[PDB]
Amino acid sequence: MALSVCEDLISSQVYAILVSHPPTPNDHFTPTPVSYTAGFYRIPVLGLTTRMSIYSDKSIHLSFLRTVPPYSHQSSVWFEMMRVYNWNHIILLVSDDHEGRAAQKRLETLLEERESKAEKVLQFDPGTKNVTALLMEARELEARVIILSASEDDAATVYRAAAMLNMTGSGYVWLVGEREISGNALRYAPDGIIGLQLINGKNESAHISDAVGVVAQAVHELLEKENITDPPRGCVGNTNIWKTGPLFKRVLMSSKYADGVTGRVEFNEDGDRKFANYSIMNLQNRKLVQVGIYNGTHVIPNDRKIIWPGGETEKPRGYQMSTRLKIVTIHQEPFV
Amino acid sequence: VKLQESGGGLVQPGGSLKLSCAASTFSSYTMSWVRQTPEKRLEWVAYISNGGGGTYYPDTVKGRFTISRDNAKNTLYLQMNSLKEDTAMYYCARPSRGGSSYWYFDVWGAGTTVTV
Amino acid sequence: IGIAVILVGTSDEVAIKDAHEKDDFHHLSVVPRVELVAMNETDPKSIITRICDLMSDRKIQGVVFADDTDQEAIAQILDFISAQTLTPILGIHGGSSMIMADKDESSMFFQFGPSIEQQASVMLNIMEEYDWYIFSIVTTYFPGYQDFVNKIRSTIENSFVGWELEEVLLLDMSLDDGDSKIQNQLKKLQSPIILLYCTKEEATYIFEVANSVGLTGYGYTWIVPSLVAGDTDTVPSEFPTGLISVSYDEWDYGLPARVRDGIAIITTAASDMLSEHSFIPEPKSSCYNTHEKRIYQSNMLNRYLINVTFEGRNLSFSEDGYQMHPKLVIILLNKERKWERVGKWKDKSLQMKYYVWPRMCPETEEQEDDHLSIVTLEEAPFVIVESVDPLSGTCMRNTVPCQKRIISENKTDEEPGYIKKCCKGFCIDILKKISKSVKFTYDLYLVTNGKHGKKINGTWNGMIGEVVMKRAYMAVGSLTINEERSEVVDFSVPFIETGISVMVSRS
Amino acid sequence: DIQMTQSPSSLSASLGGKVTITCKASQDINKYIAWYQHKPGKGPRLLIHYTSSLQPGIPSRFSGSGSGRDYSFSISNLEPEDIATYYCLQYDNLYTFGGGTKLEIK
Ligand SMILES: *[C@@H]1O[C@H](CO)[C@@H](O[C@@H]2O[C@H](CO)[C@@H](O)[C@H](O)[C@H]2NC(C)=O)[C@H](O)[C@H]1NC(C)=O
Ligand SMILES: O=C(O)[C@H]1CN(CCCP(=O)(O)O)CCN1
Ligand SMILES: *[C@@H]1O[C@H](CO)[C@@H](O)[C@H](O)[C@H]1NC(C)=O
Ligand SMILES: *[C@@H]1O[C@H](CO)[C@@H](O)[C@H](O)[C@H]1NC(C)=O
Ligand SMILES: *[C@@H]1O[C@H](CO)[C@@H](O)[C@H](O)[C@H]1NC(C)=O
Ligand SMILES: *[C@@H]1O[C@H](CO)[C@@H](O)[C@H](O)[C@H]1NC(C)=O
């Protein structure tokens, strides 16, 4: 990729590369060299089908803007769940993965901007097949709702453990992320879990057209603006950073792409679509059926009844009153 | 810097004779030497690093040769004990780039004979 | 083992002589063959082609690089090379000296500088050293600041002494109205010490705002890391007089020493691996042939990269890949606009070039000495001096630091610096009351000869001698009123009475 | 310590003739080949680095083929002034020498 973007593109004098997700989702390192070569003079990338939070960290991926937010943004999609049913006790469990801790850091900030607290932070390793102790110490707590968007095998193992044991009844309900719902963890899925899904998440034509329009608007503004020098005509001789990088990143930040294809395709300070629309698939008899719509500010349920885990038709109990109380004290007269 | 050998000779049968090759800074440059077989074959004798360590020998003179170096006089100190059946002619050499490693060398000595 | 040394700058063969031509590289089955390749360029194409040629054709497994450019993206370019070669890489100087992001699990690239938490801890140690618990924080929207302030907090409450964090600031320079919004909290700027987080281009604007408002006055001490200040030689005109920064040792710790220590650590790690498993992990066959299942071959190498001991010093790195004992230098830019090293940090030891706080008097008029020089002689219960509690760094709040004088007849050629000890007293109570009433301060030190003062053949000594020679501006101590002193100093209004008294047993 | 042997330690040639010596290394040198010579009183001289590496003051008539474990060093139309003996030396573990090869002229 480096060699192809250098032997024919950087002498084409490319102003904005375009990058898509790697074919084999075993290692997501295809966009890495191209972000490299963009950012070596700090030219931003147009990420198109990318959802990883390792490029979301503007610390060095400040030359990167995506059209769809990563999975870490969907933490806010969980935050509005707090408004749905008023469930004050929520657990946090996360694997050793960059996406995992980005998403738990950002949901922690979310729950902290409304004076709220989680209940226990759990840090397990991905790929492990013995999650028995962690599940034990998490189920004994008042938490009846879990949440994690991680690798599929951990998903699957949790599902198997909840299946062998008694945690699929009426009361043990929780939410699930994006990709843990397609595959083995969909075979081990319960009857009634709910999850989020992207509108037009497969049709790359709308996203491509939206990004072509964004980039055309940005280049038009730039070229109609003050004087501009040239990008490196080649991969030889030029040393110093490009002065056009500041102006281009400023233009992209201020980009008003109100003429979007699939809605108001306008981004944020970290290039992430705002007022995002997401469908809500409930697992009605293993089938993903829409029972809600996210518009960006609220979440409105649909006309079909939400089938709950364990076979409920009403609001599941998310947290209970611990009737059994535990007391400790110092032995001292005349009180003990 | 130029290398000049001295202390060539094996007159005493069964003895231990000291060969040396002085240099004219040479303190940070490693040094080696080559013995000449009666069949003219060039053979390694002993190895010293630039710091004096790594005193190893090939599978022919292992465990019977004593070797040392001194950078104050830029000299090596080799004892011959088991070269009785050899009218050898050793010559010293300084590998380039110094260091503990080994490279290709061109600065060569003068040639001193060893006779019994 | 093939080693490649990338040269970008004025470095010459003297570094080669100092690096490998002085240490013993034995105990390795294969001799380390080192090759130096020099280029003024950091353009990706040439360097990646050169390293690919050195990797496939020559099978080089060691990477050593240093330069003299402020380009920071090359530090993580090295990280990409590590990801593409599975060979250890070390950053030393210039573009390979500052901090790095995207710590990669498959990469084993290490850097010789300080890790973010390391300069955080060093900065808070300096903060404790100058014992002025009032401070503010100015931080831009440059990412990575959240973890920095998180660890600053974690440590500031980890030490449960009574700190005082005024405010934490988030700056938005992408909006012109952002600065106007920032002015509101800039109105809340009263702490003399502000901790800065920004880049260099953001720094220029920050200094511009600071000196436009007038934050260059007395007591305003600024401490910035190496990233904020950039390179020491490049001094922007926005730099205020008396500006203090913290960076790595660039003068005493020369580059040849750095590369020698790095290659020694590399040799030690290679020997440790050879003892661990006794096989040589062959490098990749080609740059296009990435090894997926062979990661475990190099990961064991990484297992010895964090912990390496060299020359009896703990030069080992940490989990993120940064030397746990770095030689850090705190430098000061004075009115002369020259950078002078005024603080050192090495081997868990912190040393100040000035025991007393250096006088960073700005280029302002008046320059009245609000910090009056005060000397006193030990006389209980007027003076009670005790050793400063080492665990707490100071003593309890009512005590004041005072200086044991610079006298040692054992070696008069070397001046034994003043010794800070916590002291209390009624006189000190009067002094703090008058200091809070008149809004001024004072420095406390000890009389040289341990005497109030006497006219030794006309020349006064002791406290009276210090006052006469203007060494001590104002005087503090339980000294009565004498006519001889009256002719040489001005006696103030007494605060307590005394005289020729007689005491008898109560019986 | 890595060892090495040389073959056939013999040559049959005159003022004209292509003489080839086969270096049979033991460990994978990955081009670590070296070719040396010596005189009985003129003073030895450096001849050949890696494959066909030209050197100042050195004729380029020497040729090399093969790699790794097997090398072939060929000399074509040698002069009667440099009548000496050649040696194939490498370096993997410290130094790795061998028996060597001869060269005699009728
Ligand atoms: C993306 O959506 C567009 C718009 O619908 C699709 O384009 C046409 O869609 C209609 C109705 O689905 C089809 O009858 C046509 O055959 C489509 N033409 C094209 C361009 O294929 C497009 O197919 C969609 N692409 C994906 C990946 O679903
Ligand atoms: O001004 C001073 O120097 C001190 C001296 N002190 C002297 C003590 C009495 P005597 O001198 O020993 O007889 C009294 C307090 N003031
Ligand atoms: C679940 O509950 C059922 C019904 O009471 C019981 O038979 C079964 O043992 C329980 N399973 C576990 C794993 O506790
Ligand atoms: C120095 O820079 C020039 C200009 O790019 C380059 O041609 C040359 O190769 C560089 N020198 C070195 C050390 O290669
Ligand atoms: C590993 O670290 C420990 C810390 O106590 C140290 O004693 C030891 O020498 C280190 N080992 C190596 C091989 O560096
Ligand atoms: C002052 O006089 C004394 C004796 O009264 C003498 O010892 C001392 O040295 C003199 N001081 C000076 C400075 O001359």
# chains A, B, ... in the order shown; residues from 1 in each chain; ligands from 1

$ interface_residues --of "chain C" --to "chain A" --cutoff "10 Å" --atoms "only C-alpha atoms" --output "PyMOL selection string"
chain C and resi 40-46+48-49+69-74+76-77+80+83+100-102+141-145+174-175+292

$ write_last_selection --atoms "N, CA, C and O atoms" --output "compact mmCIF listing (two decimals), in the first residue's frame"
# COMPACT_ATOMS: atom_id res chain seq x y z
N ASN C 40 20.56 12.66 4.81
CA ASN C 40 19.92 13.86 5.34
C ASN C 40 18.40 13.79 5.27
O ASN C 40 17.74 14.73 5.73
N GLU C 41 17.84 12.72 4.72
CA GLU C 41 16.44 12.67 4.34
C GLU C 41 15.65 11.77 5.29
O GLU C 41 16.15 10.74 5.75
N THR C 42 14.40 12.18 5.56
CA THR C 42 13.44 11.35 6.28
C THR C 42 12.25 10.99 5.41
O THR C 42 11.22 10.54 5.92
N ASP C 43 12.36 11.19 4.10
CA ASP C 43 11.27 10.86 3.19
C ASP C 43 11.04 9.35 3.20
O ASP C 43 12.00 8.58 3.05
N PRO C 44 9.80 8.89 3.37
CA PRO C 44 9.57 7.45 3.57
C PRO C 44 10.14 6.54 2.50
O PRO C 44 10.65 5.47 2.84
N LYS C 45 10.08 6.92 1.22
CA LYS C 45 10.43 5.98 0.16
C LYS C 45 11.86 5.48 0.29
O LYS C 45 12.11 4.27 0.31
N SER C 46 12.82 6.41 0.38
CA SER C 46 14.22 6.02 0.40
C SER C 46 14.55 5.19 1.64
O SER C 46 15.25 4.18 1.55
N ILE C 48 12.51 3.39 3.59
CA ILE C 48 11.88 2.08 3.60
C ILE C 48 12.54 1.15 2.59
O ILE C 48 12.71 -0.04 2.85
N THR C 49 12.94 1.68 1.43
CA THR C 49 13.65 0.83 0.48
C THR C 49 15.00 0.39 1.04
O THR C 49 15.38 -0.78 0.90
N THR C 69 16.27 16.71 14.09
CA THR C 69 15.12 17.41 13.55
C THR C 69 13.96 17.35 14.53
O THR C 69 13.82 16.39 15.29
N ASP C 70 13.12 18.39 14.50
CA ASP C 70 11.95 18.48 15.36
C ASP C 70 10.77 17.66 14.85
O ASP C 70 9.70 17.71 15.45
N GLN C 71 10.95 16.93 13.75
CA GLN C 71 9.89 16.08 13.23
C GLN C 71 9.59 14.96 14.22
O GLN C 71 10.46 14.14 14.51
N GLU C 72 8.37 14.94 14.73
CA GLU C 72 7.97 13.98 15.75
C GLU C 72 7.29 12.75 15.19
O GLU C 72 7.25 11.71 15.87
N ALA C 73 6.75 12.83 13.97
CA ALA C 73 6.08 11.68 13.38
C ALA C 73 7.05 10.56 13.02
O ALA C 73 6.62 9.41 12.88
N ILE C 74 8.34 10.87 12.87
CA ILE C 74 9.30 9.82 12.56
C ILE C 74 9.52 8.89 13.74
O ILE C 74 9.89 7.72 13.55
N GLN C 76 7.23 7.52 15.47
CA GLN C 76 6.28 6.44 15.24
C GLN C 76 6.40 5.84 13.84
O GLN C 76 5.90 4.73 13.61
N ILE C 77 7.06 6.52 12.90
CA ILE C 77 7.54 5.85 11.70
C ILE C 77 8.40 4.65 12.10
O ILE C 77 8.27 3.55 11.55
N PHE C 80 6.25 1.85 13.03
CA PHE C 80 5.79 1.08 11.88
C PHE C 80 6.85 0.13 11.37
O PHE C 80 6.56 -1.00 10.98
N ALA C 83 6.77 -2.76 13.49
CA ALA C 83 5.63 -3.62 13.17
C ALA C 83 5.88 -4.43 11.90
O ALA C 83 5.37 -5.54 11.76
N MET C 100 5.89 9.06 22.28
CA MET C 100 5.25 8.33 21.20
C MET C 100 3.86 7.87 21.63
O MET C 100 3.61 7.62 22.82
N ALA C 101 2.97 7.78 20.66
CA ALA C 101 1.63 7.24 20.84
C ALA C 101 1.56 5.88 20.13
O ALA C 101 2.58 5.32 19.75
N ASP C 102 0.34 5.36 20.00
CA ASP C 102 0.03 4.02 19.47
C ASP C 102 1.04 2.96 19.92
O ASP C 102 1.67 2.26 19.12
N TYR C 141 -6.48 21.62 23.57
CA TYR C 141 -7.29 20.49 23.12
C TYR C 141 -6.47 19.43 22.40
O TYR C 141 -7.05 18.55 21.75
N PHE C 142 -5.15 19.49 22.49
CA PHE C 142 -4.31 18.45 21.91
C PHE C 142 -4.57 17.14 22.64
O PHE C 142 -4.49 17.09 23.88
N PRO C 143 -4.88 16.06 21.93
CA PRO C 143 -5.27 14.82 22.60
C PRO C 143 -4.13 14.21 23.39
O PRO C 143 -2.95 14.52 23.19
N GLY C 144 -4.49 13.31 24.30
CA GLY C 144 -3.56 12.77 25.27
C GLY C 144 -3.48 13.56 26.55
O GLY C 144 -2.80 13.12 27.49
N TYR C 145 -4.15 14.71 26.63
CA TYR C 145 -4.12 15.52 27.84
C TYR C 145 -4.98 14.91 28.94
O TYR C 145 -4.72 15.13 30.13
N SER C 174 -9.07 26.45 17.55
CA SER C 174 -9.71 26.35 16.24
C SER C 174 -10.82 27.37 16.06
O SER C 174 -11.28 27.57 14.93
N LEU C 175 -11.27 28.02 17.14
CA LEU C 175 -12.32 29.02 17.08
C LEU C 175 -11.77 30.35 17.56
O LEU C 175 -11.12 30.41 18.61
N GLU C 292 3.11 -13.95 10.73
CA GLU C 292 1.98 -13.90 11.65
C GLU C 292 2.14 -14.86 12.82
O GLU C 292 1.93 -14.47 13.97

$ select_by_dssp --residues "segment 57-293 of chain A" --states "strand (DSSP E or B)" --output "PyMOL selection string"
chain A and resi 64-66+92-95+121-124+175-176+194-198+278-284+287-293

$ residues_near_ligand --ligand "ligand 2" --cutoff "8 Å" --atoms "only C-alpha atoms and all ligand atoms" --output "PyMOL selection string"
chain C and resi 451-453+478-482

$ atom_distance --atom1 "atom CA of residue 71 of chain A" --atom2 "atom CA of residue 288 of chain A"
19.4 Å

$ residues_around --residues "residue 57 of chain B" --least-positions-apart "5" --cutoff "7 Å" --atoms "only C-alpha atoms" --output "list in words"
residues 45, 46, 47 and 62 of chain B

$ residues_around --residues "residue 93 of chain D" --least-positions-apart "5" --cutoff "12 Å" --atoms "only C-alpha atoms" --output "PDB file with N, CA, C and O atoms, in the first residue's frame"
ATOM      1  N   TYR B  47      42.490 -15.882  19.507  1.00  0.00           N
ATOM      2  CA  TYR B  47      41.618 -14.744  19.249  1.00  0.00           C
ATOM      3  C   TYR B  47      41.555 -13.850  20.478  1.00  0.00           C
ATOM      4  O   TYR B  47      41.401 -14.341  21.600  1.00  0.00           O
ATOM      5  N   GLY B  54      37.287 -12.716  25.472  1.00  0.00           N
ATOM      6  CA  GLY B  54      36.981 -13.678  24.431  1.00  0.00           C
ATOM      7  C   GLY B  54      38.196 -14.419  23.912  1.00  0.00           C
ATOM      8  O   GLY B  54      38.375 -14.557  22.698  1.00  0.00           O
ATOM      9  N   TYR B  56      39.555 -17.318  22.883  1.00  0.00           N
ATOM     10  CA  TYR B  56      39.215 -18.650  22.406  1.00  0.00           C
ATOM     11  C   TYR B  56      40.257 -19.123  21.399  1.00  0.00           C
ATOM     12  O   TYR B  56      41.073 -18.345  20.895  1.00  0.00           O
ATOM     13  N   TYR B  57      40.221 -20.416  21.109  1.00  0.00           N
ATOM     14  CA  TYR B  57      41.176 -21.055  20.221  1.00  0.00           C
ATOM     15  C   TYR B  57      40.433 -21.990  19.281  1.00  0.00           C
ATOM     16  O   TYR B  57      39.343 -22.471  19.607  1.00  0.00           O
ATOM     17  N   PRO B  58      40.993 -22.260  18.105  1.00  0.00           N
ATOM     18  CA  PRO B  58      40.397 -23.263  17.217  1.00  0.00           C
ATOM     19  C   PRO B  58      40.589 -24.667  17.770  1.00  0.00           C
ATOM     20  O   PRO B  58      41.266 -24.890  18.775  1.00  0.00           O
ATOM     21  N   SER B 101      34.123  -7.316  17.179  1.00  0.00           N
ATOM     22  CA  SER B 101      33.743  -8.120  16.026  1.00  0.00           C
ATOM     23  C   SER B 101      34.959  -8.324  15.122  1.00  0.00           C
ATOM     24  O   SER B 101      36.090  -7.972  15.467  1.00  0.00           O
ATOM     25  N   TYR B 102      34.731  -8.898  13.943  1.00  0.00           N
ATOM     26  CA  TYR B 102      35.795  -9.199  12.997  1.00  0.00           C
ATOM     27  C   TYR B 102      35.387  -8.734  11.608  1.00  0.00           C
ATOM     28  O   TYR B 102      34.216  -8.829  11.230  1.00  0.00           O
TER      29      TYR B 102
ATOM     30  N   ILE C   1      25.161 -10.743  14.436  1.00  0.00           N
ATOM     31  CA  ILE C   1      23.857 -10.148  14.177  1.00  0.00           C
ATOM     32  C   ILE C   1      24.028  -8.821  13.443  1.00  0.00           C
ATOM     33  O   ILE C   1      24.868  -8.000  13.810  1.00  0.00           O
ATOM     34  N   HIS C  26      31.447  -9.858  23.389  1.00  0.00           N
ATOM     35  CA  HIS C  26      31.549 -11.309  23.330  1.00  0.00           C
ATOM     36  C   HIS C  26      30.339 -11.936  24.021  1.00  0.00           C
ATOM     37  O   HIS C  26      29.332 -11.274  24.288  1.00  0.00           O
ATOM     38  N   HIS C  27      30.429 -13.238  24.301  1.00  0.00           N
ATOM     39  CA  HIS C  27      29.354 -14.072  24.833  1.00  0.00           C
ATOM     40  C   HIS C  27      28.204 -14.238  23.849  1.00  0.00           C
ATOM     41  O   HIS C  27      27.122 -14.695  24.240  1.00  0.00           O
ATOM     42  N   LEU C  28      28.405 -13.880  22.582  1.00  0.00           N
ATOM     43  CA  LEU C  28      27.412 -14.061  21.534  1.00  0.00           C
ATOM     44  C   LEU C  28      27.957 -15.042  20.507  1.00  0.00           C
ATOM     45  O   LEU C  28      29.129 -14.955  20.123  1.00  0.00           O
ATOM     46  N   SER C  29      27.109 -15.975  20.069  1.00  0.00           N
ATOM     47  CA  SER C  29      27.541 -16.959  19.081  1.00  0.00           C
ATOM     48  C   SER C  29      27.915 -16.291  17.765  1.00  0.00           C
ATOM     49  O   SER C  29      28.909 -16.663  17.131  1.00  0.00           O
ATOM     50  N   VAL C  30      27.134 -15.302  17.341  1.00  0.00           N
ATOM     51  CA  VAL C  30      27.401 -14.555  16.118  1.00  0.00           C
ATOM     52  C   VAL C  30      27.892 -13.163  16.495  1.00  0.00           C
ATOM     53  O   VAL C  30      27.358 -12.527  17.414  1.00  0.00           O
ATOM     54  N   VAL C  31      28.930 -12.702  15.807  1.00  0.00           N
ATOM     55  CA  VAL C  31      29.521 -11.395  16.081  1.00  0.00           C
ATOM     56  C   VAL C  31      28.599 -10.306  15.547  1.00  0.00           C
ATOM     57  O   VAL C  31      28.077 -10.427  14.429  1.00  0.00           O
ATOM     58  N   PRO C  32      28.355  -9.238  16.307  1.00  0.00           N
ATOM     59  CA  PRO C  32      27.479  -8.168  15.813  1.00  0.00           C
ATOM     60  C   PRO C  32      28.140  -7.327  14.732  1.00  0.00           C
ATOM     61  O   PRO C  32      29.019  -6.509  15.017  1.00  0.00           O
ATOM     62  N   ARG C  33      27.716  -7.520  13.486  1.00  0.00           N
ATOM     63  CA  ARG C  33      28.241  -6.764  12.354  1.00  0.00           C
ATOM     64  C   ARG C  33      27.436  -5.476  12.221  1.00  0.00           C
ATOM     65  O   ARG C  33      26.237  -5.513  11.924  1.00  0.00           O
TER      66      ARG C  33
ATOM     67  N   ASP D   1      32.106 -23.858  18.315  1.00  0.00           N
ATOM     68  CA  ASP D   1      32.853 -23.176  17.265  1.00  0.00           C
ATOM     69  C   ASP D   1      32.564 -23.790  15.899  1.00  0.00           C
ATOM     70  O   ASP D   1      32.744 -24.990  15.695  1.00  0.00           O
ATOM     71  N   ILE D   2      32.115 -22.953  14.963  1.00  0.00           N
ATOM     72  CA  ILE D   2      31.790 -23.427  13.623  1.00  0.00           C
ATOM     73  C   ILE D   2      33.076 -23.709  12.859  1.00  0.00           C
ATOM     74  O   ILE D   2      34.022 -22.909  12.882  1.00  0.00           O
ATOM     75  N   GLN D   3      33.119 -24.852  12.184  1.00  0.00           N
ATOM     76  CA  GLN D   3      34.283 -25.306  11.440  1.00  0.00           C
ATOM     77  C   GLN D   3      34.015 -25.220   9.942  1.00  0.00           C
ATOM     78  O   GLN D   3      32.880 -25.033   9.495  1.00  0.00           O
ATOM     79  N   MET D   4      35.086 -25.352   9.161  1.00  0.00           N
ATOM     80  CA  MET D   4      34.974 -25.342   7.709  1.00  0.00           C
ATOM     81  C   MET D   4      36.158 -26.088   7.113  1.00  0.00           C
ATOM     82  O   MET D   4      37.265 -26.060   7.658  1.00  0.00           O
ATOM     83  N   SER D  26      29.996 -24.463   6.328  1.00  0.00           N
ATOM     84  CA  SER D  26      29.133 -25.272   7.178  1.00  0.00           C
ATOM     85  C   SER D  26      27.869 -24.520   7.577  1.00  0.00           C
ATOM     86  O   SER D  26      26.759 -25.009   7.351  1.00  0.00           O
ATOM     87  N   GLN D  27      28.010 -23.339   8.165  1.00  0.00           N
ATOM     88  CA  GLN D  27      26.867 -22.516   8.522  1.00  0.00           C
ATOM     89  C   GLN D  27      26.520 -21.572   7.377  1.00  0.00           C
ATOM     90  O   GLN D  27      27.360 -21.234   6.539  1.00  0.00           O
ATOM     91  N   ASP D  28      25.256 -21.151   7.346  1.00  0.00           N
ATOM     92  CA  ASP D  28      24.791 -20.217   6.327  1.00  0.00           C
ATOM     93  C   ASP D  28      25.467 -18.870   6.543  1.00  0.00           C
ATOM     94  O   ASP D  28      25.103 -18.120   7.455  1.00  0.00           O
ATOM     95  N   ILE D  29      26.457 -18.563   5.707  1.00  0.00           N
ATOM     96  CA  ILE D  29      27.196 -17.319   5.872  1.00  0.00           C
ATOM     97  C   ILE D  29      26.412 -16.138   5.311  1.00  0.00           C
ATOM     98  O   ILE D  29      26.621 -14.996   5.739  1.00  0.00           O
ATOM     99  N   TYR D  32      29.286 -14.191   3.357  1.00  0.00           N
ATOM    100  CA  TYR D  32      30.409 -13.762   4.185  1.00  0.00           C
ATOM    101  C   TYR D  32      31.742 -14.240   3.606  1.00  0.00           C
ATOM    102  O   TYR D  32      32.709 -14.432   4.349  1.00  0.00           O
TER     103      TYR D  32
END

$ atom_distance --atom1 "atom CA of residue 394 of chain C" --atom2 "atom CA of residue 420 of chain C"
9.4 Å

$ residues_around --residues "residue 42 of chain B" --least-positions-apart "3" --cutoff "12 Å" --atoms "only C-alpha atoms" --output "ChimeraX atom specification"
/B:33-39,45,88-92 /D:36-40,44,85-89,96-102

$ closest_atom_pairs --of "chain D" --to "chain C" --cutoff "8 Å" --atoms "only C-alpha atoms" --output "CSV"
residue,atom,partner,partner_atom,distance
D:30,CA,C:58,CA,7.6
D:92,CA,C:30,CA,6.0
D:93,CA,C:30,CA,5.6
D:94,CA,C:31,CA,6.9

$ residues_near_ligand --ligand "ligand 6" --cutoff "8 Å" --atoms "only C-alpha atoms and all ligand atoms" --output "JSON, numbers by chain"
{"C": [456, 457, 458, 459]}

$ atom_distance --atom1 "atom CA of residue 384 of chain C" --atom2 "atom CA of residue 495 of chain C"
19.1 Å

$ residues_near_ligand --ligand "ligand 5" --cutoff "6 Å" --atoms "only C-alpha atoms and all ligand atoms" --output "PyMOL selection string"
chain C and resi 307-309

$ residues_near_ligand --ligand "ligand 3" --cutoff "12 Å" --atoms "only C-alpha atoms and all ligand atoms" --output "PDB file with C-alpha atoms, in the first residue's frame"
ATOM      1  CA  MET A 136     -19.478 -15.577  39.515  1.00  0.00           C
ATOM      2  CA  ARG A 160     -22.446 -20.451  27.142  1.00  0.00           C
ATOM      3  CA  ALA A 161     -21.868 -19.760  30.842  1.00  0.00           C
ATOM      4  CA  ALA A 162     -25.195 -17.952  31.205  1.00  0.00           C
ATOM      5  CA  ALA A 163     -26.809 -20.868  29.359  1.00  0.00           C
ATOM      6  CA  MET A 164     -25.313 -23.678  31.487  1.00  0.00           C
ATOM      7  CA  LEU A 165     -26.393 -21.603  34.483  1.00  0.00           C
ATOM      8  CA  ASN A 166     -29.515 -19.648  35.441  1.00  0.00           C
ATOM      9  CA  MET A 167     -29.048 -16.194  33.939  1.00  0.00           C
ATOM     10  CA  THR A 168     -31.466 -16.233  30.996  1.00  0.00           C
ATOM     11  CA  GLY A 169     -34.661 -15.965  33.045  1.00  0.00           C
TER      12      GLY A 169
END

$ interface_residues --of "chain B" --to "chain D" --cutoff "9 Å" --atoms "only C-alpha atoms" --output "number ranges by chain"
B: 40-44, 47, 56, 58-59, 101-111

$ closest_atom_pairs --of "chain A" --to "ligand 1" --cutoff "9 Å" --atoms "only C-alpha atoms and all ligand atoms" --output "Markdown table"
| residue | atom | partner | partner_atom_place_in_ligand_line | distance |
| --- | --- | --- | --- | --- |
| A:200 | CA | ligand 1 | 1 (C) | 7.8 |
| A:202 | CA | ligand 1 | 27 (C) | 6.0 |
| A:203 | CA | ligand 1 | 27 (C) | 3.9 |
| A:204 | CA | ligand 1 | 27 (C) | 6.3 |
| A:205 | CA | ligand 1 | 1 (C) | 6.1 |
| A:206 | CA | ligand 1 | 1 (C) | 6.9 |

$ residues_around --residues "segment 84-92 of chain C" --least-positions-apart "5" --cutoff "8 Å" --atoms "only C-alpha atoms" --output "VMD selection string"
chain C and resid 55 61 to 66 75 78 to 79 97 106 to 113 255 258 to 259 262 283 to 284 287 290 295 298

$ decode --residues "segment 324-331 of chain C" --atoms "N, CA and C atoms" --output "mmCIF file, in the first residue's frame"
data_model
loop_
_atom_site.group_PDB
_atom_site.id
_atom_site.type_symbol
_atom_site.label_atom_id
_atom_site.label_comp_id
_atom_site.auth_asym_id
_atom_site.auth_seq_id
_atom_site.Cartn_x
_atom_site.Cartn_y
_atom_site.Cartn_z
ATOM 1 N N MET C 324 13.278 3.622 33.040
ATOM 2 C CA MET C 324 12.736 3.987 34.344
ATOM 3 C C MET C 324 13.646 4.923 35.128
ATOM 4 N N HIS C 325 14.907 5.071 34.730
ATOM 5 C CA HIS C 325 15.845 5.982 35.386
ATOM 6 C C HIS C 325 16.498 6.869 34.333
ATOM 7 N N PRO C 326 15.766 7.851 33.811
ATOM 8 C CA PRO C 326 16.333 8.747 32.804
ATOM 9 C C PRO C 326 17.018 9.955 33.422
ATOM 10 N N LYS C 327 18.066 10.409 32.739
ATOM 11 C CA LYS C 327 18.805 11.597 33.159
ATOM 12 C C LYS C 327 18.061 12.824 32.649
ATOM 13 N N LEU C 328 17.265 13.437 33.519
ATOM 14 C CA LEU C 328 16.451 14.586 33.149
ATOM 15 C C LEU C 328 17.112 15.870 33.630
ATOM 16 N N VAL C 329 17.031 16.914 32.810
ATOM 17 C CA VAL C 329 17.670 18.189 33.106
ATOM 18 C C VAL C 329 16.627 19.294 33.015
ATOM 19 N N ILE C 330 16.595 20.147 34.032
ATOM 20 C CA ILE C 330 15.709 21.300 34.089
ATOM 21 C C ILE C 330 16.547 22.532 33.784
ATOM 22 N N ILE C 331 16.216 23.213 32.690
ATOM 23 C CA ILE C 331 17.010 24.318 32.173
ATOM 24 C C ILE C 331 16.210 25.606 32.329
#
